[PDB]
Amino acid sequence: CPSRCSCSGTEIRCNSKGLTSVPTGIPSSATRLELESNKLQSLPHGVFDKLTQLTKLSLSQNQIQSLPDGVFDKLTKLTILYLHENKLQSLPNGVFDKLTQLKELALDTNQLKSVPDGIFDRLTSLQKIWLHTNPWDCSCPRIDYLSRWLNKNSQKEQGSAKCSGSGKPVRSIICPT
């Protein structure tokens, strides 16, 4: 068990510990990992690669600005992914592609202006998504995939994503073609 964590069974919790980096001794048998309310601002590439049995990963309330490419690729059993209340300015192409079992993905309260096209397409088990409190860029070509995807997957949205500037719903926007 890592120094600032509490390990109960295969559940690893290291919340509100003023952590500045991901703990180094996380066992590979971990099924749940929570690193909430710390001081993380970045993540090393491949940092969670050995945590293949993880069903839940939560990094809410930190100051992460970007994600390493393929940072979630080895976490194929992930059912819950919380990334809200951070400072994300963008998402890597297909970062969620290998998560075919993901049910919950929280991305609210960050600094996202846009997301890559088709970023949620592979999420076949998705039930809930949080996208609110982000300065979405509702200019057209850019917001086209999101407004459309949000409209079709209406029932999964927790809260309501709003356009930066006008405050209008991202789903109220229809792009030109």
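Each residue number is its position in the shown sequence, starting from 1.
Between 41-49 and 120-128, the higher mean Cα B-factor belongs to 120-128.
A summary of the deposited B-factors shows that, of 85-93 and 101-109, the stretch with the larger mean C-alpha value is 85-93.
When the C-alpha B-factors of 60, 147, 114, 139 are ranked from the entry, the top spot goes to 139. Sort the chain's modelled residues by C-alpha temperature factor and residue 31 lands in the lowest third, per the entry.
Ranked by Cα temperature factor within the chain, residue 54 sits in the lowest third according to the deposited record.
The entry lists a Cα temperature factor for residue 151 that places it in the middle third of the chain's modelled residues.
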